[PDB]
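Chemist: Numbering-wise (the entry's author numbering), the sequence shown opens with residue 1 and increments by one.
This is the structure I have questions about; it appears just below.
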Amino acid sequence: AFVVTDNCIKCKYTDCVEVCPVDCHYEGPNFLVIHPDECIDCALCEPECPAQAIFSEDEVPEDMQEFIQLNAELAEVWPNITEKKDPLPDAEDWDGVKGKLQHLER
Ligand code: SF4
Ligand code: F3S
C-alpha cells in the first residue's frame, strides 16, 4: 500500500485523487489518507503530490512510521474522495513545515 505522510496536513492539494484508478482515498478536514486494503500499489499518485507526502509503505521515513497505521485507521472512518478539489486556503504557507501531525483534525 502507499501511505500519505505529514506534509499533506494543512496542504491537502488533492492532486493525488485524479490519477487513482481505484478511488481508495478518504478525506478529513485538513488531511487525506490511502486505504491500505483497496490500494493496488500502482504508484501513480506519488509523483502527483506537490507536497511530496506520499510514499510506498516500505519507503515511509523512519520519523513518519506512525502514518502507516494512521492511514489504515482513518480510512475506516472518513468519507471517500474521488474528485480533485482546491488545495486548502494557505497550503503554500504550510508546505514544508515539519511536525504538522500536531495540527491533524479528525
Ligand atoms: S498507489 Fe495507486 S491505487 Fe494506491 S492510492 Fe496511489 S494512485 Fe491509488
Ligand atoms: S498534499 Fe495530500 S491530498 Fe494528495 S496531492 Fe498530496 S497527498
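All residues carry an ideal CB built from backbone N, CA and C; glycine is no exception.
1. So, using beta-carbon positions, are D95 and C11 closer together than 8 Å?
2. Report yes or no: do three or more beta-carbon pairs, one from the region 78 to 85 and one from the region 39 to 59, lie closer than 8 Å?
3. Does the beta carbon of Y26 fall short of 7 Å from some heavy atom of ligand 2?
4. For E92, which of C8, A75, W78, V3 has the nearest alpha-carbon?
5. With a threshold of 16 other CB atoms inside 10 Å of the CB of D23, please say whether the residue is buried or exposed.
6. Which whole runs of the beta strand (DSSP E) in the region 21 to 46 are 3 residues long or more, in chain order?
7. Label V19 either buried or exposed according to how many other C-beta atoms from any shown protein chain fall within 10 Å of its C-beta, with 16 as the threshold for buried.
8. Please classify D6 as buried or exposed, where buried requires at least 16 other C-beta atoms within 10 Å of its C-beta.
9. Pull up the DSSP beta-bridge partners for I81, would you.
10. Could you tell me how far apart the beta carbons of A75 and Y13 are, in whole angstroms, since I believe they sit closer than 8 Å?
11. Would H35 be called buried (16 or more neighbouring beta carbons within 10 Å of its own) or exposed?
Modeler: Short version:
1. Position 95 of the sequence shown, counting from 1, holds the residue named residue 95. Position 11 of the sequence shown, counting from 1, holds the residue named residue 11. Cβ atoms of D95 and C11: closer than 8 Å.
2. no
3. The sequence position of residue 26 within the sequence shown is 26, counting from 1. Outside the cutoff, so no.
4. Position 92 of the sequence shown, counted from the start, is the residue given in the question as residue 92. Nearest C-alpha to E92: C8.
5. Sequence index remark: in the sequence shown, residue 23 carries index 23 (1-based). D23 is exposed by the Cβ-count criterion.
6. 25 to 28, 31 to 34
7. If you number the sequence shown from 1, residue 19 lands on position 19. Classification for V19: exposed.
8. Position 6 of the sequence shown, counted from the start, is the residue given in the question as residue 6. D6 should be labelled buried.
9. As a first step, residue 81 must be located in the sequence shown, where it is residue number 81. Answer is none; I81 lacks a bridge partner.
10. Translated into positions along the sequence shown, residue 75 becomes position 75. Translated into positions along the sequence shown, residue 13 becomes position 13. In fact, because the Cβ distance is near 18 Å, the residues do not count as touching under 8 Å.
11. As a first step, residue 35 is located in the sequence shown; it is residue number 35 there, counting from the start. Per the 10 Å Cβ criterion, buried.
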